[PDB]
Asks: 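Can you keep this structure in mind? I'll have questions shortly.
Just the heavy atoms: all of them, side chains too, but no hydrogens, waters or symmetry mates, feed the values below. Reminder, nothing fancy here: chain letters follow the sequence lines and each chain counts from 1.
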Amino acid sequence: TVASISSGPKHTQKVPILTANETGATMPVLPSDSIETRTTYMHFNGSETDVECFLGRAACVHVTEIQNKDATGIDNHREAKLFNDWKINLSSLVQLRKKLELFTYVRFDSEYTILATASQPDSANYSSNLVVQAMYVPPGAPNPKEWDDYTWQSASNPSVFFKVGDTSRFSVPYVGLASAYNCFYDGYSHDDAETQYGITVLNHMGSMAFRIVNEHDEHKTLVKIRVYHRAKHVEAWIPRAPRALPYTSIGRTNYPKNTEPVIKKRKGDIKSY
Amino acid sequence: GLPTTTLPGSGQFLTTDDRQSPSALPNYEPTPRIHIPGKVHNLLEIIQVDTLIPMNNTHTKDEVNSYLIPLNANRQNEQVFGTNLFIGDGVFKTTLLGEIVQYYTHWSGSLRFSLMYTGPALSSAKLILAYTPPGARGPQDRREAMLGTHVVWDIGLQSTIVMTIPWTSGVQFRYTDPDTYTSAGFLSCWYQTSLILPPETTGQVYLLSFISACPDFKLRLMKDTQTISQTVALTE
Amino acid sequence: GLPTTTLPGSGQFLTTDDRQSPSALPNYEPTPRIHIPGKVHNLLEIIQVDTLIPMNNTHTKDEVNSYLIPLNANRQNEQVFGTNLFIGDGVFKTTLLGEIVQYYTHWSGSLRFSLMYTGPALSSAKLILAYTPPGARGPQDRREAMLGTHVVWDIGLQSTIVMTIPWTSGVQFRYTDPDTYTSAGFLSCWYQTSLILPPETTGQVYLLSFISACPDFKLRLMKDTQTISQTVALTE
Amino acid sequence: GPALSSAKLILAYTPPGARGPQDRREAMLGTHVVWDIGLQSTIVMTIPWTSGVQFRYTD
Amino acid sequence: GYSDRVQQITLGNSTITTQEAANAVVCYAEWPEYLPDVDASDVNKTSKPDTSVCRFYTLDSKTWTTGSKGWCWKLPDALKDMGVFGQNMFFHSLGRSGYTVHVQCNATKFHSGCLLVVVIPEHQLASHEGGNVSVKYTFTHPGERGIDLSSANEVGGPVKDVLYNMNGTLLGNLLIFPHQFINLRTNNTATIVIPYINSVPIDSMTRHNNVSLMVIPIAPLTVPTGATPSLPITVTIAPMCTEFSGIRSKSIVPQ
Amino acid sequence: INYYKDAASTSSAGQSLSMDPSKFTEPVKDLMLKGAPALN
Amino acid sequence: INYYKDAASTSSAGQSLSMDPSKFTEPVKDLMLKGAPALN
Ligand SMILES: Cc1cc(CCCOc2c(C)cc(-c3noc(C(F)(F)F)n3)cc2C)on1
């Protein structure tokens, strides 16, 4: 594959470098169209910039917390973090979000990796070997209310049991209801004057609940859970303007008020180098 | 039992590894694909589309005006604009090219820089765009700029001039992050003759500048960008 | 020793994984299979069998009466019944269809809704069943209902009318769990003419309604149902 | 008009059954031609035979 | 002597001519088409009114002044009240369509100004309030009037900073979307053919706007000495390959 | 060799190797030849 | 490849792919044709 062909002097009626950008087209002008060039080869395929590679690596998409402690007298297990849940979404942590939002529609399979790390902030005689249970609770499935509900039986919901300090790994097929996931959605759930706007109404993927299976020890253990997402078998459509301003909320395109200029201001002239 | 020996790295989680893993939803049948126009396969595809350069940084805040390059009537020899060619910073940092380029550590290839005249039809002008390859300073006058790669643009019927910034380098790749040894040079524009306005016409005409990559382009070593961040996890 | 590298996920117990495991009872010979009628291979097989809909929720407790849809003599234009089409809730929640549908997150396809008349043979009536696809409200009068998918049912020798609720949607799948964007619409029934009873006959005649799936039907993403629970493990 | 002048007009034909249009929006809903004034000085708009009965009275 | 500048577009009983065009853009190089069996899900036979809805509808003209920020229309919203197309929109549960957008704006060889005409698929607007505030239905359904980017914020409405495309992205990068410029010195019209773009075969035409059209002044308007400091901008849109499905009662929408 | 029954569990797809920028760079109705006047 | 001697230790069977609802939907003695009067 040639990068540049050999091209010499020129004196024509054919002017490749004069165009009309109001047509909306970006004419494929090459260096050999405006200067004398020599032959060079690409020695390059562009593998690393393939959308499969671009979205094909794990990125942290959520961090949450649960803890192992005596549940005696706790009236709201959920609030006490005896167990916690995550309303599944990929737009909470901004790094992966900006990448995905480089496109309008996106379709792919997902590979999840869940890392659980223990912590004992105050006096403990040892570190306990806790087992985490991550259960997927799809829309319509009964949500856990107590860390040891009948819901954790998980007869139909899928769930993994892994050691804290260890990692959990599994993949999920493309689960969108449509032919592709929407990164943006200029619409509502119905024609209502007050209903929510944006993908907020589209990305209703249920949530996944986490808990520590072990009963409590004398001391209290804080387990932090990090979920990583890697896309595979990727397809992307309709490229768009990259995000410029900071995000403020999951799902909305909203940006903060009194935000700072994102375009750098010259320390001098428009003639400055 | 097949005898085995586990190697260093066992149990590690390399975010970049590409392995198989059990499916949590066995026998699930995903929704059929339907045709959707505008499919993108490679980022190198979209960086070939040019976007506007906010060449006129000069303002106190982001404005439509930062994209307008002012041109002044009856000025001779003078400089219209200038900029270094660190495509991963400066004026280029917010463009589609600069934005995508920042997702990678290395870049190589030729850049496509365009200028579209928006002054009245009955006006005229001849400008000169110049690319100064690394090794010397940004040109300080037309004569100096003219000694390097350049294009004398005659404004007319065809509104846009496309000047290529041919890959001129010793090392075959440069860092997207501004690095001296890896500098790309300078870009400048000057009045070849001058801008002439017709009768009953007054003020300023502007130039719109565009940037895009040639099929020449190469990008490698994916990395996180400095164009996005957060202090706390976002919530619904 | 074959060199190996263990990957993330090692040691995990994914309730959904499908692997091989050693048998705790080697050489055990299970009992021979004998023919047993009524074998079921797929749940999609049984949801095509219709069951009674407790359309008449209105009672203070579960009763045979919640399955009886009252019909009143000499009423014109009037509405007989109505219901939204969230098959995973409301009147449908306890039916075989609703019950099975709740073991999955997504559904798609056409529904088969039937009405069997049980009034005296010498009585007569013409009703109209209507399906209002999503986007507009549940019809408030016959004229409004009649503008959408409907069937004018003439009561007679053939006791049952089968109205299909054809899959009418943009997105190819809906959530079994009531979700607005994913709503299926409304179902209503009205008097086309009116119920006429013969001499020496008095009171109320009832309609029995059935629900089942068409071979159209699709169900996916298995999950636990909200139709069963316990506070403590059961004992013998 | 002078060569250096410009304009865009819209000619509309309203077939029988409704009144003569009272504003552009109303006229635009029927047969019409958006004319861009320029080099070619004349616009030719056809009034296609739009009728039920196959003939009309000149009177 | 055929030129990129002279064009005629005939749809239904409506025709458009332009003697100063700059070619025409066909979004993602795809011409609109009807929904093929292989992609269909909805089992209802669809309705194709053809020429009664696939024709040019001209919106109310906007006035471009030295201070204009830009305008934004949404489809199919902008045509929600246009003849038979509009009616079908509310009488059916689902619908799908493509369009030919034709933006007009003439001046003289003494004027100067440059409008960016771009089509943005799934243009989800942002709330000026930031945080997690939503944008109420009415504010993204301005209809034929469209949204004026120089108008003041209003409770429940979207942010209208031209610089940030009403969505947190920079104006200069709007060019990645199918667009065209109306550079008075070259142009006087912009034409963009839009094919149906969505992640579903067909969809609700009232609760979802597939794309929004934006006309944004980049190089400000400049009129010759002592001339009227304004120019009109006219938008004409024609639906094409329009299909409607699931006919019924007729929606009643917010406000 | 694939160890699992479902497609979703396989590893990355491998370079699309299609690459056609023209649907974004030249989405014009009338083909424009490099060198020929953009506006004839 | 199966690593164990007993059948019970192998993994899941894979879709029956039979599917005949009629034994539940139409368990009638005299065949009833769709369109023909149910009760003749
Ligand atoms: C955009 C976009 C795309 C997606 C896909 C979300 C996938 O949702 C899941 C997740 C996150 C986990 C599981 C899952 N299956 O088993 C487990 C367990 F191990 F966590 F229990 N988790 C299943 C689905 C459908 O979400 N937002």
Asks: Determine the option with the most heavy-atom pairs under 4.5 angstrom with chain A, choosing from E:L171, E:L170, E:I197, E:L174.
Replies: E:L170

Asks: Of the listed residues (A:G176, A:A241, A:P246), which shares the most heavy-atom pairs with chain E below a 4.5 Å separation?
Replies: A:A241

Asks: Are side-chain heavy atoms of E:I182 and E:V215 found at a separation under 4.5 Å?
Replies: no

Asks: Could I get the full list of salt bridge (charged side-chain N to carboxylate O under 4.0 Å, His left out) partners for A:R226, not counting sequence neighbours?
Replies: none

Asks: Do A:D85 and A:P144 have side chains that approach each other closer than 4.5 Å (heavy atoms only, starting at C-beta)?
Replies: no

Asks: If you count heavy-atom pairs under 4.5 Å with chain A, which of E:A21, E:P121, E:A126, E:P158 comes out on top?
Replies: E:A126

Asks: Taking the side chain as everything from C-beta on, heavy atoms only, tell me whether A:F103 gets closer than 4.5 Å to A:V51.
Replies: yes

Asks: By a 4.5 Å heavy-atom criterion (distance strictly below it), what part of E:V135 contacts chain A: side chain, backbone, both, or neither?
Replies: both

Asks: Under 3.5 Å, which donor-acceptor pairs link chain A and chain E? Put them in a table for me, please.
Replies:
{"from": "A:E22", "atom 1": "O", "to": "E:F181", "atom 2": "N", "distance (Å)": "3.0"}
{"from": "A:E22", "atom 1": "OE1", "to": "E:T186", "atom 2": "OG1", "distance (Å)": "2.9"}
{"from": "A:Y105", "atom 1": "OH", "to": "E:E122", "atom 2": "OE2", "distance (Å)": "2.7"}
{"from": "A:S179", "atom 1": "N", "to": "E:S199", "atom 2": "O", "distance (Å)": "3.0"}
{"from": "A:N182", "atom 1": "ND2", "to": "E:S199", "atom 2": "OG", "distance (Å)": "2.7"}
{"from": "A:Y185", "atom 1": "O", "to": "E:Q124", "atom 2": "NE2", "distance (Å)": "3.4"}
{"from": "A:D186", "atom 1": "N", "to": "E:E122", "atom 2": "OE1", "distance (Å)": "3.1"}
{"from": "A:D186", "atom 1": "O", "to": "E:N209", "atom 2": "N", "distance (Å)": "2.9"}
{"from": "A:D186", "atom 1": "OD2", "to": "E:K74", "atom 2": "NZ", "distance (Å)": "3.0"}
{"from": "A:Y188", "atom 1": "N", "to": "E:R207", "atom 2": "O", "distance (Å)": "2.8"}
{"from": "A:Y188", "atom 1": "OH", "to": "E:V135", "atom 2": "O", "distance (Å)": "2.8"}
{"from": "A:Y188", "atom 1": "OH", "to": "E:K136", "atom 2": "O", "distance (Å)": "3.3"}
{"from": "A:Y188", "atom 1": "OH", "to": "E:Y137", "atom 2": "N", "distance (Å)": "3.4"}
{"from": "A:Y188", "atom 1": "OH", "to": "E:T140", "atom 2": "OG1", "distance (Å)": "2.7"}
{"from": "A:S189", "atom 1": "O", "to": "E:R207", "atom 2": "NH1", "distance (Å)": "2.9"}
{"from": "A:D191", "atom 1": "OD1", "to": "E:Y137", "atom 2": "OH", "distance (Å)": "2.8"}
{"from": "A:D191", "atom 1": "OD1", "to": "E:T206", "atom 2": "OG1", "distance (Å)": "2.8"}
{"from": "A:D191", "atom 1": "OD1", "to": "E:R207", "atom 2": "N", "distance (Å)": "3.2"}
{"from": "A:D191", "atom 1": "OD2", "to": "E:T206", "atom 2": "OG1", "distance (Å)": "2.9"}
{"from": "A:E194", "atom 1": "OE1", "to": "E:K136", "atom 2": "NZ", "distance (Å)": "2.6"}
{"from": "A:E194", "atom 1": "OE2", "to": "E:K136", "atom 2": "NZ", "distance (Å)": "2.8"}
{"from": "A:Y197", "atom 1": "N", "to": "E:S134", "atom 2": "OG", "distance (Å)": "3.2"}
{"from": "A:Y197", "atom 1": "OH", "to": "E:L125", "atom 2": "N", "distance (Å)": "2.8"}
{"from": "A:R240", "atom 1": "NH2", "to": "E:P121", "atom 2": "O", "distance (Å)": "2.5"}
{"from": "A:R240", "atom 1": "NH2", "to": "E:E122", "atom 2": "O", "distance (Å)": "2.9"}
{"from": "A:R243", "atom 1": "NH1", "to": "E:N167", "atom 2": "O", "distance (Å)": "3.2"}
{"from": "A:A244", "atom 1": "N", "to": "E:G168", "atom 2": "O", "distance (Å)": "2.9"}
{"from": "A:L245", "atom 1": "N", "to": "E:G168", "atom 2": "O", "distance (Å)": "3.2"}
{"from": "A:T248", "atom 1": "OG1", "to": "E:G131", "atom 2": "O", "distance (Å)": "2.6"}
{"from": "A:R252", "atom 1": "NH2", "to": "E:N132", "atom 2": "O", "distance (Å)": "2.8"}
{"from": "A:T253", "atom 1": "OG1", "to": "E:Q124", "atom 2": "O", "distance (Å)": "3.0"}
{"from": "A:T253", "atom 1": "OG1", "to": "E:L125", "atom 2": "O", "distance (Å)": "3.1"}
{"from": "A:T253", "atom 1": "OG1", "to": "E:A126", "atom 2": "N", "distance (Å)": "3.3"}
{"from": "A:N254", "atom 1": "OD1", "to": "E:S127", "atom 2": "N", "distance (Å)": "2.7"}
{"from": "A:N254", "atom 1": "ND2", "to": "E:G130", "atom 2": "O", "distance (Å)": "3.4"}
{"from": "A:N254", "atom 1": "ND2", "to": "E:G131", "atom 2": "O", "distance (Å)": "3.4"}
{"from": "A:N254", "atom 1": "ND2", "to": "E:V133", "atom 2": "O", "distance (Å)": "2.8"}
{"from": "A:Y255", "atom 1": "OH", "to": "E:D161", "atom 2": "OD2", "distance (Å)": "3.2"}

Asks: Test A:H62 against A:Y112 for ring pair (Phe, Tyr, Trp, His ring centres under 6.0 Å), laying out the working first.
Replies: CA-CA 11 Å; A:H62 184 65; A:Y112 290 94; over 10 Å; no

Asks: Side-chain contact, heavy-atom cut-off 4.5 Å: A:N143 with A:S207?
Replies: yes

Asks: Ignoring hydrogens and angles, tell me if any N or O in the side chain of A:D33 forms a donor-acceptor pair with the backbone of A:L30 under 3.5 Å.
Replies: yes

Asks: Name the region of E:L175, side chain, backbone, both or neither, that has any atom closer than 4.5 Å to a heavy atom of chain A.
Replies: neither

Asks: Among the options E:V200, E:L163, E:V159, E:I252, pick out the one with the most heavy-atom pairs lying under 4.5 Å from chain A.
Replies: E:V159

Asks: Which residue is it: E:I120, E:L116, E:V117? I am looking for the one with a side chain to side chain contact (heavy atoms under 4.5 Å, CB included) to E:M214.
Replies: E:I120

Asks: Heavy-atom pairs under 4.5 Å with chain E are the metric here; pick the option from A:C183, A:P239, A:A25 that has the most.
Replies: A:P239

Asks: What pair of heavy atoms forms the shortest contact from A:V29 to A:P16, and how long is it?
Replies: CG2-O, 3.6 Å

Asks: So which part of A:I263 gets closer than 4.5 Å to some heavy atom of chain E, the side chain, the backbone, both or neither?
Replies: side chain

Asks: Does some side-chain heavy atom of E:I192 sit less than 4.5 Å from a side-chain heavy atom of E:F177?
Replies: no

